Amino acid sequence: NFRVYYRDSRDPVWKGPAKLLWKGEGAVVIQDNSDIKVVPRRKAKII
Amino acid sequence: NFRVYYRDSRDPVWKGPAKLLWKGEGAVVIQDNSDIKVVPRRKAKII
Amino acid sequence: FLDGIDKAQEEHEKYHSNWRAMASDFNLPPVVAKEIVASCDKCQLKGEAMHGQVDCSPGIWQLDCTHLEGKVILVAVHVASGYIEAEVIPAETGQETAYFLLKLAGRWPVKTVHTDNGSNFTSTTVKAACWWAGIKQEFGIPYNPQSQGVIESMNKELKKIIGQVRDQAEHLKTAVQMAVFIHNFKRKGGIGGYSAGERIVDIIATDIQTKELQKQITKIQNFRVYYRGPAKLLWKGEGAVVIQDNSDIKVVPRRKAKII
Amino acid sequence: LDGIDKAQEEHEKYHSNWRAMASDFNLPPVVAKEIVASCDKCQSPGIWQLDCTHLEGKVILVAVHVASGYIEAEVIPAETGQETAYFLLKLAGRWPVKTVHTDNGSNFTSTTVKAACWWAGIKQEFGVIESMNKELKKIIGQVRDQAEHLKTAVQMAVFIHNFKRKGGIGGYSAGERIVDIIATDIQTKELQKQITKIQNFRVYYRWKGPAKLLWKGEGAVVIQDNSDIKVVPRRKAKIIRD
Amino acid sequence: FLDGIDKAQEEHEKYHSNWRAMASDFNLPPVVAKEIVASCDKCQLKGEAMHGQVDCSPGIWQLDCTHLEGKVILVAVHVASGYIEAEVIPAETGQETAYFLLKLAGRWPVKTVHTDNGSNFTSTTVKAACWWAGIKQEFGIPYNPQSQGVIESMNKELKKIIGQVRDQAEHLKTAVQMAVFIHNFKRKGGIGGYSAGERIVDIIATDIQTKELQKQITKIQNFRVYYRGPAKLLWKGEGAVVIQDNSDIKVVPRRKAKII
Amino acid sequence: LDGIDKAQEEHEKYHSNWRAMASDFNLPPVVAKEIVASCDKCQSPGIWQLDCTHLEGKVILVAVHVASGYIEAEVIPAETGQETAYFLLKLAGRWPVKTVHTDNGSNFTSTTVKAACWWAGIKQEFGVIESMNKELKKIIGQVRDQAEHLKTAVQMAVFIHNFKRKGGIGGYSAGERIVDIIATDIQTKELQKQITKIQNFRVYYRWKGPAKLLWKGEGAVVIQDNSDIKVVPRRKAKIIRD
Amino acid sequence: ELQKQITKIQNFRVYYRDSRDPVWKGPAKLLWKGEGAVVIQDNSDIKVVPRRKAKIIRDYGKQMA
Amino acid sequence: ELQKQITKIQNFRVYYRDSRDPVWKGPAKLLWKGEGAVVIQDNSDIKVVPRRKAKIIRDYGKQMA
DNA sequence: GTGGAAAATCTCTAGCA
DNA sequence: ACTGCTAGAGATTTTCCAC
DNA sequence: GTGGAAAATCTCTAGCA
DNA sequence: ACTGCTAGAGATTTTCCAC
Ligand SMILES: C[C@@H]1CCO[C@H]2Cn3cc(C(=O)NCc4ccc(F)cc4F)c(=O)c(O)c3C(=O)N12
Ligand SMILES: C[C@@H]1CCO[C@H]2Cn3cc(C(=O)NCc4ccc(F)cc4F)c(=O)c(O)c3C(=O)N12
Ligand SMILES: [Mg+2]
Ligand SMILES: [Mg+2]
Ligand SMILES: [Mg+2]
Ligand SMILES: [Mg+2]
Ligand SMILES: [Zn+2]
Ligand SMILES: [Zn+2]
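Residue numbers (my numbering), protein chains in the order written: chain W, 1 to 47; chain G, 1 to 47; chain H, 1 to 260; chain P, 1 to 242; chain R, 1 to 260; chain F, 1 to 242; chain S, 1 to 65; chain C, 1 to 65.
Written out as structure tokens, the structure is:
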């Protein structure tokens, strides 16, 4: 299991933790309360 | 003699050539038409 | 020790001291202090210091709309080469972008357009135009301009050129075309010492040439290779063989490789 | 080394060009270019033609690359000097226009178009054109129902004509042909640049008489004295600039 | 050749082609092509890719006003250490900043105040306050925030901490004080593994201690060095000697060095 | 190594502290601490005092560092729990407050001030104070004309009292004294941290009985078996954490 | 001609990149082009660079030299 | 005790920097402190660093060990 | 193999909304 | 399931010219 | 002298108006 | 005549622990 703390878009406040669905190079696909989002890894922290 | 082309402050348009009066580490003191200015070397080019 | 973890948690709840502070003050291992910090949601306020890389395939074009003197300039850049086509359009509308894209597809082999989510790139007219010309449509992550890092850069470079030729053109469209000309054919540098136009010609010509040569070699150089499964040969040379193993290309020395 | 006599003999018996003699014998292209430039018996890519085709009260400016059949077609508001100058500026920006052919029309001879040709470097001059324009007209007639405006139909026809009409020597579209032709032109320009770069050097071997330099290599220096291309070790020949 | 540079000049006057394009197309040395480019004013649109360094003396403080939740926070940072004093003020006024600086001088040895040119910092009240307390007033180049990098950075960091403790203080002043406390005494790291408060204590104590020791040594270790004028000896050892040569400190091997 | 006997004898005949030995005989501070702690016959910096001074209808909260005479004085709008809690939070943020002495006043025993002490970690408790307050009165009177407000006068007086006033054992100002005292406190904290870090280790020399580790040096391991601080080569002593 | 078409394929230059390095690697020698990956050889090191990170050219300033 | 005072002044750590390097160099040994410059020794290399680029501390964590 | 100018390589920054 | 880059300005390093 | 976890060091980025 | 920095997140490299 992975916890992703992410900054989706133009929102300084961070969110999470969100379930991690896919991890690539520069993009993590995460599920936060059934909402699927793509976050650049500069704006996502995985634990 | 040195020609200094500088971007002084909040003015994307570059200016010059001006006359170099003093060169330091990260700051050049220049004379543009009797107007003395201080410019960071990130915003000044010397020839 | 493990009872100092409770005091570390209690101090983290108020002060949110970083792992080093807790390790030093409460005499804890780095691992335990780091774990305590990693258990707090309010201390997770930083991503990883990295930068991905954009797609550099020969058939990907990056599009974006810039604004100069109250006029919309639609700019497209060939990512693999740096060759830009720009045009001043009346208003940032989906139809203008669709016309620009249809023009582009007929002059160069656009196999994919990478764009931001702007109201003029997600339109249905652009979708239909892409469907007609067989263009794959990529959209960057919302509000992630770095994804378009190439074209945005050109918006700077292009603009710079327009600032040097503006006095030679009485209207912005002419200056934009002059800037495209200068960037493509009069500004050299880059990977091959080329200019963008020569670079794009080289990229496309090499793509076609390598495609046909590889088709020839495949039609002739046929083999089945067994190493250490019946995979397919790619390149045998210098005692090292490259083998496509069910879409898993593996390079292995000559030993433990049989080309049958 | 080795295969130079084979190159010269193959040339005299087949008068072949330098690309063939330098790809089949592995020579420095300057040396092959010199080889073909030794016998009198053995001594384009930027040519565009403009035309106006009138459909449905709209003028379409068509620029045809004569060597490739490559069309750039745009419907323009009017047959004014400004619009044709804009089309020419775009054409120069996208592809390397060197000289341009028109029909001596009123739109193709205005001071605005003259200054656009002067600025972009184009040089004005007054059966590919007719066939290609008829092909564009036919394809526009085919794909007109697929779009409302005529500009979209023109662009669809240009796309089909350039990239979906495969007819020629080996089933090649016009885009492929133009890419190949421009690549060859770039290659020629690089060769001429290298020739002009070395042509200021004079080499003495063993002295003997001066020489013309054709290639300086890591350990092989290929030079030529009186239509005699010979290779020499670097420890034998000395160059100077004059 | 030299008559082939007029064509380069003309094509530069028209297109401002960079030096590489001129050199490649017109067969010119890089030197002359770069000279042609360097002779044009329009093509001088870039500085040097460098970053100076701010003053990190033990007695320099960097000040700035930030805004949070519609409230002004005046923030001062010790550049040598990273120790921040911050306070929420009613409005951005010269008198409020003068009071803040007067408080600062009485609690820590401020020997220089570095600030942006904002209306509050350049006022006459702040000038009088600095004169009374003997503070040197330093102003960065206008619209050059990088000059104040340290304090600007602190703002970010400071704001971060507030976002973690803003649910524990009903008002912003209390949260600001909590953030200052956490940064000073609960966030370690930096150069010595210290926290900011420990770092400032160390810097100041070391300044006083080394001043005392150096005064003692100077009172004792009196020498004159005649190498290769009569310089003043500083440190002799390890086969080398350091000598102040009329305000030009020079280090020379033991040979050619006479300590009289 | 070869420096312990002199320090031990010096301490026996002078009962001196551990900094003196660690600076005169050049031993690691842990071993000097052990030497001083091995003898039973040879067995503060963070306490502040708060007070209110009423001048010109304005209450001045004064915090005195009893170890140094360092004053932090500020006029506050009223003797309210919120204002005193704000002052205490500031005092904790700037300097390391560990315990605070008050006068059991109404403003020093409010739930707000209690929770401010609890959050900042301060521990409440109910002749330096009087002398330092009187000094602040005198200096304010001296520099009350230089300002039009009592807050500015108080800050001027605090600056003068801390810095411009040089009096003491060696002619030192309160700022220098507080810096030195806090530096010594940090030193003590580091010593205790390292002692607690190593105390979980047991060393066997040459086996013999276990031992207490005092210094795992680069090339000399100093341990102590039954109040006998002896150095050993690293090829003689083996450690285990327990 | 299968031993010279191989030379033709190897006459190209592949400027590539890794997954963490932003700067473009030098001109390797194109050993094989595929729909999804390119096998190149940079200083006697056979690598399989993805297509989305490779610029294949046939630099003519060098070919005509 | 002039030698001992010399040793005391050499017991400090000077984190310094150069004109172009942004990263803070390592803990050199303070050989001399002056009004405008500090003479330090980093791996047997005597240097004169300006006062505006020097952080002189006495790391207590590294001193009490 | 030795020095000196010159070309290549490398490092680094502003700006792109 | 996707992704910062470009072009220019100094500085440093090879490299070829002449013995 | 050999591997493995751990600690130190180095590289790199967001945000500060 | 003056000047980008800081703190954190991954990755890489020493380094000590045990023979
Ligand atoms: C309304 C559309 C759709 C939604 O997003 C907005 C905002 N936006 C913002 C930038 C921008 O931030 N440019 C500066 C910049 C900064 C960093 C970098 F790496 C690249 C950069 F371009 C654009 O370029 C841009 O085109 C848009 C845009 O079009 N839109
Ligand atoms: C009206 C005063 C006087 C004239 O200047 C303005 C504008 N300004 C701008 C920034 C600013 O750009 N911050 C972002 C940022 C970006 C880069 C960096 F290195 C440091 C940074 F802080 C400030 O922080 C700031 O304090 C001011 C300010 O106070 N003023
Ligand atoms: Mg956009
Ligand atoms: Mg944009
Ligand atoms: Mg400000
Ligand atoms: Mg600011
Ligand atoms: Zn936390
Ligand atoms: Zn120019």
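All residues carry an ideal CB built from backbone N, CA and C; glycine is no exception.
Check                                                                                                                        : Outcome
CB contact flag (residue 63 of chain R, residue 115 of chain R, <8 Å)                                                        : yes
Minimum Cβ-Cβ distance from residue 155 of chain F to chain R less than 8 Å                                                  : yes
Distance CB(residue 3 of chain W)-CB(residue 51 of chain H) smaller than 8 Å                                                 : no
Contacts of residue 5 of chain C in chain R (Cβ-Cβ under 7 Å)                                                                : 213, 216 and 217
Closer than 8 Å to chain R by CB, residue 14 of chain G                                                                      : yes
Candidates H:212, H:257 and H:164: closest to residue 15 of chain R by CA position                                           : H:164
Contact test: residue 26 of chain G Cβ vs ligand 2 heavy atom, cutoff 7 Å                                                    : no
Option in P:23, P:163, P:198 and P:237 with minimal Cα separation from residue 206 of chain P                                : P:237
Rounded Cβ spacing between residue 36 of chain W and residue 28 of chain W (contact assumed at less than 8 Å)                : 11 Å between Cβ atoms; not a contact.
Ligand 2 heavy atom lying under 7 Å from the CB of residue 1 of chain G                                                      : no
Inter-stretch contact (C-beta, 8 Å, three-pair minimum) for the stretch 89-109 of chain H and the stretch 118-133 of chain H : yes
Per DSSP, cross-strand counterpart(s) of residue 73 of chain R                                                               : R:66 and R:88
Below-8 Å beta-carbon distance, residue 187 of chain H vs any chain P residue                                                : no
Own chain residues within Cβ distance below 6 Å of residue 30 of chain R, not counting five before or after                  : 23
Sub-8 Å separation of residue 80 of chain R and residue 158 of chain R beta-carbons                                          : no
Given residue 215 of chain F as reference, the closest of F:198, F:37, F:129 and F:209 once Cα atoms are compared            : F:198
Inter-stretch contact at 8 Å, needing at least 3 Cβ pairs: the stretch 99-112 of chain H / the stretch 141-159 of chain H    : no
Buried versus exposed call for residue 125 of chain F [16 or more other C-beta atoms within 10 Å across all chains shown]    : exposed
Of the residues P:47, P:9 and P:45, the one placed nearest residue 39 of chain P, counting alpha carbons only                : P:9
Partner residues on chain S for residue 187 of chain P, Cβ-Cβ distance less than 8 Å                                         : 60, 63 and 64
Minimum C-alpha distance to residue 127 of chain P - residue among P:2, P:43, P:48 and P:34                                  : P:48
Simplified DSSP state of residue 200 of chain H, which is helix, strand or coil                                              : helix
4-residue-minimum alpha helix (DSSP H) runs that sit fully inside the stretch 108-170 of chain R, ordered along the chain    : 124-133 and 149-165
8 Å Cβ cutoff, residue 94 of chain P in contact with chain H                                                                 : yes
Exposed unless 16 or more other CB atoms sit within 10 angstroms - verdict on residue 20 of chain S                          : exposed
In chain order, each alpha helix (DSSP H) run of at least 4 residues that lies wholly inside the stretch 150-208 of chain F  : 150-159 and 174-198
Short Cβ contact (8 Å threshold) for residue 239 of chain H with residue 253 of chain H                                      : yes
Alpha carbon of residue 117 of chain F to alpha carbon of residue 178 of chain R, nearest angstrom                           : 12 Å
Expected contact under 8 Å - CB spacing of residue 3 of chain F and residue 26 of chain F to nearest Å                       : 6 Å
Residue 20 of chain R vs residue 189 of chain H beta-carbon contact at 8 Å                                                   : yes
Residue 190 of chain P, buried or exposed, once every other Cβ within 10 Å from all chains shown has been counted against 16 : buried
Own chain, CB closer than 6 Å to residue 111 of chain R, minus 5 neighbours either side, in chain order                      : 59
Identity of the residue in R:113, R:47 and R:56 nearest residue 75 of chain R by Cα                                          : R:113
Residue 16 of chain H beta carbon near ligand 7 (any heavy atom closer than 7 Å)                                             : yes
CA nearest to the CA of residue 209 of chain H, picked from S:41, S:30 and S:65                                              : S:30
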